[PDB]
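Engineer: The file below is coords12.txt, compact mmCIF, N, CA and C atoms:
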# COMPACT_ATOMS: atom_id res chain seq x y z
N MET D 34 -3.30 4.72 20.26
CA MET D 34 -4.48 5.58 20.19
C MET D 34 -5.59 4.85 19.43
N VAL D 35 -6.84 5.05 19.84
CA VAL D 35 -7.94 4.28 19.26
C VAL D 35 -8.12 4.58 17.77
N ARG D 36 -7.77 5.78 17.33
CA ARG D 36 -7.87 6.11 15.91
C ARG D 36 -7.02 5.15 15.08
N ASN D 37 -5.77 4.98 15.47
CA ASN D 37 -4.87 4.15 14.69
C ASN D 37 -5.18 2.66 14.83
N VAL D 38 -5.66 2.21 16.00
CA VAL D 38 -6.02 0.80 16.15
C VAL D 38 -7.19 0.44 15.24
N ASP D 39 -8.22 1.30 15.17
CA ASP D 39 -9.34 1.03 14.28
C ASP D 39 -8.91 1.02 12.81
N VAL D 40 -8.09 1.99 12.42
CA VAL D 40 -7.65 2.07 11.02
C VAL D 40 -6.81 0.85 10.65
N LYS D 41 -5.88 0.46 11.52
CA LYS D 41 -5.08 -0.74 11.25
C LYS D 41 -5.96 -1.98 11.18
N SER D 42 -6.90 -2.12 12.12
CA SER D 42 -7.76 -3.30 12.12
C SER D 42 -8.50 -3.44 10.80
N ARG D 43 -8.91 -2.32 10.20
CA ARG D 43 -9.68 -2.42 8.97
C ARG D 43 -8.77 -2.81 7.80
N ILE D 44 -7.55 -2.28 7.78
CA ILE D 44 -6.58 -2.66 6.75
C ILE D 44 -6.25 -4.14 6.86
N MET D 45 -6.08 -4.63 8.08
CA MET D 45 -5.73 -6.03 8.27
C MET D 45 -6.91 -6.94 7.96
N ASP D 46 -8.13 -6.45 8.19
CA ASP D 46 -9.32 -7.14 7.71
C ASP D 46 -9.22 -7.38 6.20
N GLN D 47 -8.82 -6.34 5.45
CA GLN D 47 -8.66 -6.51 4.01
C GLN D 47 -7.51 -7.46 3.70
N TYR D 48 -6.37 -7.25 4.36
CA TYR D 48 -5.24 -8.14 4.18
C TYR D 48 -5.64 -9.59 4.41
N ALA D 49 -6.32 -9.85 5.53
CA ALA D 49 -6.66 -11.24 5.84
C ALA D 49 -7.49 -11.84 4.73
N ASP D 50 -8.36 -11.05 4.11
CA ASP D 50 -9.18 -11.57 3.03
C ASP D 50 -8.41 -11.75 1.73
N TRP D 51 -7.24 -11.11 1.58
CA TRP D 51 -6.52 -11.12 0.30
C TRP D 51 -5.14 -11.75 0.37
N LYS D 52 -4.72 -12.26 1.54
CA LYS D 52 -3.36 -12.76 1.70
C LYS D 52 -3.06 -13.85 0.69
N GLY D 53 -1.93 -13.71 0.00
CA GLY D 53 -1.49 -14.69 -0.95
C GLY D 53 -1.97 -14.48 -2.37
N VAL D 54 -3.03 -13.68 -2.58
CA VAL D 54 -3.48 -13.38 -3.93
C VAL D 54 -2.29 -12.91 -4.76
N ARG D 55 -2.07 -13.56 -5.91
CA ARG D 55 -0.84 -13.41 -6.67
C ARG D 55 -0.78 -12.06 -7.38
N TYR D 56 0.44 -11.63 -7.68
CA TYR D 56 0.64 -10.38 -8.39
C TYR D 56 0.33 -10.57 -9.87
N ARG D 57 -0.49 -9.67 -10.41
CA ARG D 57 -0.79 -9.62 -11.83
C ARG D 57 -0.89 -8.17 -12.24
N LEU D 58 -0.12 -7.76 -13.25
CA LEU D 58 -0.18 -6.38 -13.72
C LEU D 58 -1.54 -6.10 -14.34
N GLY D 59 -2.17 -5.02 -13.90
CA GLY D 59 -3.48 -4.65 -14.39
C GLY D 59 -4.62 -5.45 -13.82
N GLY D 60 -4.34 -6.37 -12.89
CA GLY D 60 -5.41 -7.13 -12.28
C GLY D 60 -6.04 -6.40 -11.12
N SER D 61 -7.29 -6.76 -10.82
CA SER D 61 -8.03 -6.06 -9.78
C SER D 61 -8.98 -7.00 -9.06
N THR D 62 -8.69 -8.30 -9.05
CA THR D 62 -9.57 -9.30 -8.47
C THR D 62 -8.73 -10.29 -7.69
N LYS D 63 -9.41 -11.24 -7.04
CA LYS D 63 -8.65 -12.26 -6.32
C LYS D 63 -7.99 -13.27 -7.26
N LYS D 64 -8.27 -13.23 -8.57
CA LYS D 64 -7.45 -14.01 -9.50
C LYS D 64 -6.05 -13.44 -9.65
N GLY D 65 -5.81 -12.22 -9.18
CA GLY D 65 -4.52 -11.56 -9.30
C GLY D 65 -4.69 -10.05 -9.27
N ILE D 66 -3.79 -9.34 -8.59
CA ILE D 66 -3.93 -7.90 -8.39
C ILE D 66 -2.54 -7.28 -8.37
N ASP D 67 -2.44 -6.02 -8.80
CA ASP D 67 -1.19 -5.28 -8.68
C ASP D 67 -1.22 -4.34 -7.48
N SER D 68 -0.12 -3.60 -7.30
CA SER D 68 0.09 -2.87 -6.05
C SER D 68 -0.89 -1.70 -5.92
N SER D 69 -1.01 -0.88 -6.97
CA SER D 69 -2.00 0.19 -6.96
C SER D 69 -3.42 -0.36 -6.90
N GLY D 70 -3.67 -1.48 -7.58
CA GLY D 70 -5.00 -2.07 -7.53
C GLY D 70 -5.40 -2.50 -6.13
N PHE D 71 -4.50 -3.20 -5.43
CA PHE D 71 -4.83 -3.62 -4.07
C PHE D 71 -5.08 -2.42 -3.16
N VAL D 72 -4.32 -1.34 -3.35
CA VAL D 72 -4.49 -0.14 -2.54
C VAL D 72 -5.85 0.50 -2.82
N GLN D 73 -6.12 0.79 -4.10
CA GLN D 73 -7.41 1.37 -4.48
C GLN D 73 -8.56 0.52 -3.94
N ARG D 74 -8.44 -0.79 -4.06
CA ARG D 74 -9.49 -1.69 -3.62
C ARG D 74 -9.69 -1.61 -2.12
N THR D 75 -8.60 -1.55 -1.35
CA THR D 75 -8.72 -1.54 0.10
C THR D 75 -9.40 -0.27 0.59
N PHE D 76 -8.91 0.88 0.13
CA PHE D 76 -9.47 2.14 0.60
C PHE D 76 -10.93 2.30 0.19
N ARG D 77 -11.31 1.81 -0.99
CA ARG D 77 -12.71 1.87 -1.39
C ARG D 77 -13.59 1.07 -0.43
N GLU D 78 -13.20 -0.17 -0.15
CA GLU D 78 -14.06 -1.09 0.58
C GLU D 78 -14.00 -0.90 2.08
N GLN D 79 -12.87 -0.43 2.59
CA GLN D 79 -12.68 -0.31 4.03
C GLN D 79 -12.94 1.09 4.55
N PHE D 80 -12.73 2.12 3.72
CA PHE D 80 -12.84 3.49 4.19
C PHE D 80 -13.72 4.37 3.31
N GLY D 81 -14.34 3.81 2.27
CA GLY D 81 -15.19 4.59 1.39
C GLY D 81 -14.47 5.77 0.76
N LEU D 82 -13.19 5.59 0.44
CA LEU D 82 -12.36 6.64 -0.15
C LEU D 82 -11.89 6.15 -1.51
N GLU D 83 -12.29 6.86 -2.58
CA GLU D 83 -12.01 6.45 -3.95
C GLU D 83 -10.66 7.01 -4.38
N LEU D 84 -9.73 6.13 -4.63
CA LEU D 84 -8.42 6.48 -5.11
C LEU D 84 -8.32 6.18 -6.59
N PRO D 85 -7.46 6.88 -7.32
CA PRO D 85 -7.28 6.58 -8.75
C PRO D 85 -6.55 5.25 -8.92
N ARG D 86 -6.48 4.81 -10.17
CA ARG D 86 -6.17 3.41 -10.45
C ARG D 86 -4.69 3.08 -10.32
N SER D 87 -3.80 4.00 -10.70
CA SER D 87 -2.39 3.69 -10.90
C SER D 87 -1.50 4.35 -9.85
N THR D 88 -0.28 3.82 -9.71
CA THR D 88 0.64 4.32 -8.70
C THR D 88 0.93 5.80 -8.89
N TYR D 89 1.17 6.22 -10.13
CA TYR D 89 1.55 7.61 -10.37
C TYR D 89 0.41 8.56 -10.04
N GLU D 90 -0.83 8.12 -10.20
CA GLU D 90 -1.94 8.98 -9.82
C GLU D 90 -2.08 9.03 -8.31
N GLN D 91 -1.95 7.88 -7.64
CA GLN D 91 -2.07 7.85 -6.18
C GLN D 91 -0.98 8.68 -5.51
N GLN D 92 0.24 8.66 -6.06
CA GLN D 92 1.34 9.46 -5.54
C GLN D 92 1.03 10.95 -5.49
N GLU D 93 -0.06 11.38 -6.13
CA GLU D 93 -0.45 12.78 -6.12
C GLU D 93 -1.60 13.07 -5.18
N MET D 94 -2.33 12.04 -4.76
CA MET D 94 -3.44 12.26 -3.85
C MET D 94 -2.93 12.68 -2.48
N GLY D 95 -3.81 13.33 -1.72
CA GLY D 95 -3.54 13.65 -0.35
C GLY D 95 -2.37 14.60 -0.19
N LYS D 96 -1.66 14.42 0.92
CA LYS D 96 -0.58 15.30 1.36
C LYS D 96 0.68 14.49 1.55
N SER D 97 1.79 14.98 1.01
CA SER D 97 3.07 14.32 1.22
C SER D 97 3.38 14.24 2.72
N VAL D 98 4.11 13.20 3.10
CA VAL D 98 4.47 12.95 4.49
C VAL D 98 5.92 12.48 4.51
N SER D 99 6.71 13.05 5.41
CA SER D 99 8.10 12.65 5.50
C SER D 99 8.23 11.26 6.15
N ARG D 100 9.32 10.57 5.81
CA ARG D 100 9.53 9.20 6.29
C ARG D 100 9.41 9.11 7.81
N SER D 101 9.84 10.14 8.53
CA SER D 101 9.79 10.11 9.99
C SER D 101 8.44 10.49 10.55
N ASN D 102 7.48 10.88 9.71
CA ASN D 102 6.15 11.23 10.17
C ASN D 102 5.12 10.21 9.74
N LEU D 103 5.56 9.02 9.33
CA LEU D 103 4.63 8.04 8.79
C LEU D 103 3.61 7.64 9.85
N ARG D 104 2.35 7.58 9.44
CA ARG D 104 1.25 7.18 10.28
C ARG D 104 0.52 6.02 9.59
N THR D 105 -0.09 5.16 10.40
CA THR D 105 -0.92 4.08 9.87
C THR D 105 -1.94 4.61 8.87
N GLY D 106 -2.10 3.90 7.76
CA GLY D 106 -2.99 4.31 6.71
C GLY D 106 -2.36 5.14 5.61
N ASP D 107 -1.17 5.70 5.84
CA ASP D 107 -0.47 6.42 4.78
C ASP D 107 -0.07 5.47 3.65
N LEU D 108 -0.09 5.98 2.42
CA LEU D 108 0.49 5.22 1.32
C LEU D 108 2.00 5.34 1.36
N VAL D 109 2.69 4.25 1.05
CA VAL D 109 4.14 4.27 0.90
C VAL D 109 4.46 3.90 -0.54
N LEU D 110 5.38 4.64 -1.14
CA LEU D 110 5.67 4.54 -2.56
C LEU D 110 7.16 4.29 -2.76
N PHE D 111 7.48 3.36 -3.63
CA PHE D 111 8.86 2.97 -3.86
C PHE D 111 9.14 3.05 -5.34
N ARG D 112 10.36 3.43 -5.68
CA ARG D 112 10.80 3.38 -7.06
C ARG D 112 11.21 1.92 -7.30
N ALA D 113 10.25 1.09 -7.70
CA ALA D 113 10.48 -0.35 -7.73
C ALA D 113 9.60 -1.02 -8.78
N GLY D 114 10.17 -2.00 -9.47
CA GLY D 114 9.41 -2.78 -10.44
C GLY D 114 9.37 -2.15 -11.82
N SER D 115 8.78 -2.90 -12.75
CA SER D 115 8.89 -2.55 -14.17
C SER D 115 8.01 -1.38 -14.57
N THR D 116 6.94 -1.08 -13.81
CA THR D 116 6.19 0.13 -14.10
C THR D 116 6.88 1.37 -13.56
N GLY D 117 7.90 1.20 -12.73
CA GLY D 117 8.62 2.31 -12.16
C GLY D 117 8.12 2.78 -10.81
N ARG D 118 6.95 2.34 -10.36
CA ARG D 118 6.49 2.64 -9.01
C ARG D 118 5.80 1.43 -8.39
N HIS D 119 5.88 1.36 -7.06
CA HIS D 119 5.23 0.34 -6.25
C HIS D 119 4.65 1.01 -5.02
N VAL D 120 3.42 0.65 -4.62
CA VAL D 120 2.74 1.32 -3.52
C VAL D 120 2.21 0.30 -2.51
N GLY D 121 2.31 0.65 -1.23
CA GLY D 121 1.72 -0.14 -0.16
C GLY D 121 1.03 0.76 0.85
N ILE D 122 0.56 0.14 1.93
CA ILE D 122 -0.15 0.84 3.00
C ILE D 122 0.59 0.61 4.31
N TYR D 123 1.09 1.70 4.90
CA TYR D 123 1.79 1.63 6.18
C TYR D 123 0.85 1.20 7.30
N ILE D 124 1.35 0.33 8.18
CA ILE D 124 0.50 -0.26 9.20
C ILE D 124 1.16 -0.21 10.57
N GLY D 125 2.16 0.65 10.74
CA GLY D 125 2.85 0.79 12.00
C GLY D 125 4.04 -0.15 12.11
N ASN D 126 4.96 0.21 13.01
CA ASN D 126 6.12 -0.63 13.32
C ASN D 126 6.94 -0.95 12.07
N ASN D 127 7.09 0.03 11.19
CA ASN D 127 7.94 -0.09 10.00
C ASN D 127 7.46 -1.19 9.06
N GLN D 128 6.16 -1.49 9.07
CA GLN D 128 5.61 -2.51 8.19
C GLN D 128 4.59 -1.90 7.24
N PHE D 129 4.36 -2.59 6.13
CA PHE D 129 3.32 -2.21 5.18
C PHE D 129 2.76 -3.46 4.52
N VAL D 130 1.53 -3.36 4.03
CA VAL D 130 0.89 -4.41 3.24
C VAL D 130 0.85 -3.95 1.79
N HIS D 131 1.02 -4.88 0.86
CA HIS D 131 1.06 -4.57 -0.57
C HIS D 131 0.93 -5.87 -1.36
N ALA D 132 0.64 -5.70 -2.65
CA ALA D 132 0.72 -6.77 -3.64
C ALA D 132 2.16 -6.84 -4.11
N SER D 133 2.96 -7.66 -3.44
CA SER D 133 4.35 -7.88 -3.85
C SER D 133 4.40 -8.70 -5.13
N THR D 134 5.39 -8.41 -5.99
CA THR D 134 5.59 -9.26 -7.15
C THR D 134 5.96 -10.67 -6.71
N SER D 135 6.91 -10.78 -5.78
CA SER D 135 7.50 -12.09 -5.50
C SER D 135 6.55 -13.01 -4.75
N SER D 136 5.60 -12.46 -3.99
CA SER D 136 4.84 -13.30 -3.07
C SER D 136 3.35 -12.98 -3.04
N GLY D 137 2.85 -12.14 -3.93
CA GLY D 137 1.46 -11.79 -3.73
C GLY D 137 1.26 -10.86 -2.54
N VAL D 138 0.01 -10.79 -2.08
CA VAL D 138 -0.33 -9.86 -1.00
C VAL D 138 0.33 -10.34 0.29
N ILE D 139 1.21 -9.51 0.86
CA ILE D 139 2.01 -9.88 2.01
C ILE D 139 2.24 -8.64 2.86
N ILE D 140 2.68 -8.87 4.08
CA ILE D 140 3.24 -7.86 4.97
C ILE D 140 4.75 -7.87 4.79
N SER D 141 5.35 -6.69 4.73
CA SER D 141 6.79 -6.56 4.58
C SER D 141 7.27 -5.43 5.46
N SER D 142 8.56 -5.48 5.79
CA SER D 142 9.18 -4.43 6.58
C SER D 142 9.84 -3.39 5.69
N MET D 143 9.68 -2.12 6.06
CA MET D 143 10.38 -1.06 5.34
C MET D 143 11.88 -1.16 5.47
N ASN D 144 12.38 -1.95 6.41
CA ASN D 144 13.82 -2.05 6.61
C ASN D 144 14.45 -3.19 5.81
N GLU D 145 13.65 -3.99 5.11
CA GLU D 145 14.21 -4.96 4.19
C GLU D 145 15.06 -4.24 3.14
N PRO D 146 16.28 -4.71 2.86
CA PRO D 146 17.19 -3.94 2.00
C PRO D 146 16.59 -3.51 0.68
N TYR D 147 15.82 -4.39 0.03
CA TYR D 147 15.30 -4.04 -1.28
C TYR D 147 14.38 -2.82 -1.19
N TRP D 148 13.42 -2.85 -0.26
CA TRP D 148 12.47 -1.75 -0.14
C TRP D 148 13.11 -0.50 0.45
N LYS D 149 14.07 -0.67 1.36
CA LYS D 149 14.75 0.48 1.96
C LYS D 149 15.44 1.34 0.90
N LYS D 150 16.20 0.70 0.00
CA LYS D 150 16.97 1.44 -1.00
C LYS D 150 16.08 2.17 -2.01
N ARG D 151 14.83 1.74 -2.19
CA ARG D 151 13.97 2.28 -3.23
C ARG D 151 12.86 3.17 -2.70
N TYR D 152 12.80 3.40 -1.39
CA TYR D 152 11.77 4.26 -0.83
C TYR D 152 11.74 5.59 -1.58
N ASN D 153 10.55 6.09 -1.83
CA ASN D 153 10.44 7.33 -2.58
C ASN D 153 9.64 8.41 -1.87
N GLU D 154 8.51 8.05 -1.26
CA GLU D 154 7.63 9.06 -0.68
C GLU D 154 6.53 8.37 0.11
N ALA D 155 5.92 9.14 1.00
CA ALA D 155 4.68 8.79 1.66
C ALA D 155 3.59 9.77 1.25
N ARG D 156 2.34 9.30 1.23
CA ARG D 156 1.19 10.18 1.09
C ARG D 156 0.16 9.83 2.16
N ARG D 157 -0.38 10.85 2.82
CA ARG D 157 -1.51 10.68 3.73
C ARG D 157 -2.79 11.04 2.96
N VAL D 158 -3.68 10.07 2.82
CA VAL D 158 -4.93 10.28 2.07
C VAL D 158 -6.16 10.19 2.95
N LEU D 159 -6.04 9.86 4.24
CA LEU D 159 -7.19 9.86 5.13
C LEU D 159 -7.44 11.23 5.76
N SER D 160 -6.37 11.94 6.12
CA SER D 160 -6.48 13.17 6.90
C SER D 160 -5.72 14.32 6.24
Please, can you express the file's structure as structure tokens?
Structural biologist:
Amino acid sequence: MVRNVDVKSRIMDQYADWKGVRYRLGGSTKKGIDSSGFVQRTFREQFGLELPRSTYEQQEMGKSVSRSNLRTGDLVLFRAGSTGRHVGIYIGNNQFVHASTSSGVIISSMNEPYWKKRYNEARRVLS
């Protein structure tokens, strides 16, 4: 559907500009960024939607979405890492973009064992 193709294209536009930027806690620039930071930054610049700064605040925005109802643009939240939460952006086909600790800004599959075991919730913040 054209709605989801346009939304994905804009997220990947952001991804393409940020791929490889290293993980840094509390960072918000191309010198280094964390998971909530990359999300807040993407939605601000690509969709004009202001999200709060941290994972726990973003987990409250919008409307909860069940794992089987995931749509492109939804936030995906995992009980992962030392802050206790990790957030990415679903992009279809069981994939999401995020500021990974191990690799910086990357695309990952929700079916990778590490992320699968720690899945916590989805939030829809566009609609």
Engineer: Please extract the residues of segment 82-111 of chain D with a backbone DSSP assignment of helix (DSSP H, G or I) and present them as a list in words.
Structural biologist: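 Output for segment 82-111 of chain D, helix (DSSP H, G or I) only: residues 88, 89, 90, 91, 100, 101 and 102 of chain D.
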Engineer: Go ahead and save the picked residues with N, CA and C atoms, as a compact mmCIF listing (two decimals), keeping the file's coordinate frame.
Structural biologist:
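Output saved as part.txt:
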# COMPACT_ATOMS: atom_id res chain seq x y z
N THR D 88 -0.28 3.82 -9.71
CA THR D 88 0.64 4.32 -8.70
C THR D 88 0.93 5.80 -8.89
N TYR D 89 1.17 6.22 -10.13
CA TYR D 89 1.55 7.61 -10.37
C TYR D 89 0.41 8.56 -10.04
N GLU D 90 -0.83 8.12 -10.20
CA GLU D 90 -1.94 8.98 -9.82
C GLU D 90 -2.08 9.03 -8.31
N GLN D 91 -1.95 7.88 -7.64
CA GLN D 91 -2.07 7.85 -6.18
C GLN D 91 -0.98 8.68 -5.51
N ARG D 100 9.32 10.57 5.81
CA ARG D 100 9.53 9.20 6.29
C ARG D 100 9.41 9.11 7.81
N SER D 101 9.84 10.14 8.53
CA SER D 101 9.79 10.11 9.99
C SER D 101 8.44 10.49 10.55
N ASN D 102 7.48 10.88 9.71
CA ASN D 102 6.15 11.23 10.17
C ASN D 102 5.12 10.21 9.74
Engineer: What gap, in Å, lies between atom CA of residue 69 of chain D and atom CA of residue 86 of chain D?
Structural biologist: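 So the answer is 6.3 Å.
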Engineer: Which residue, D:49, D:145, D:44, D:73, has the smallest gap to residue 124 of chain D when you use all atoms listed in the file?
Structural biologist: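 Smallest separation from residue 124 of chain D among the options: D:44.
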Engineer: With only C-alpha atoms as the atoms that count, which of D:149, D:96, D:119, D:77 lies nearest to residue 43 of chain D?
Structural biologist: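 Smallest distance to residue 43 of chain D is found for D:77.
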Engineer: Considering only N, CA and C atoms, state which residue in the set D:104, D:152, D:81, D:75 is at the smallest distance from residue 48 of chain D.
Structural biologist: D:75
Engineer: Place a sphere of radius 8 Å on (1.9, 15.3, 6.3) in the file coordinates and name every protein, DNA or RNA residue with an atom inside or on its surface, counting only N, CA and C atoms; give the answer as a count of residues only.
Structural biologist: 11
Engineer: Could you check the closest approach to residue 151 of chain D for each of D:112, D:125, D:41, D:83 and tell me which residue wins, using only N, CA and C atoms?
Structural biologist: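 Of D:112, D:125, D:41, D:83, the one nearest residue 151 of chain D, counting only N, CA and C atoms, is D:112.
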Engineer: Got a sec to tell me which of chain D DSSP assigns to strand (DSSP E), as a VMD selection string?
Structural biologist: chain D and resid 61 to 62 65 to 66 96 to 98 108 to 111 119 to 123 128 to 133 137 to 142 152 to 157
Engineer: For atom CA of residue 122 of chain D and atom C of residue 109 of chain D, determine how far apart the two atoms are, in Å to one decimal place.
Structural biologist: 6.6 Å
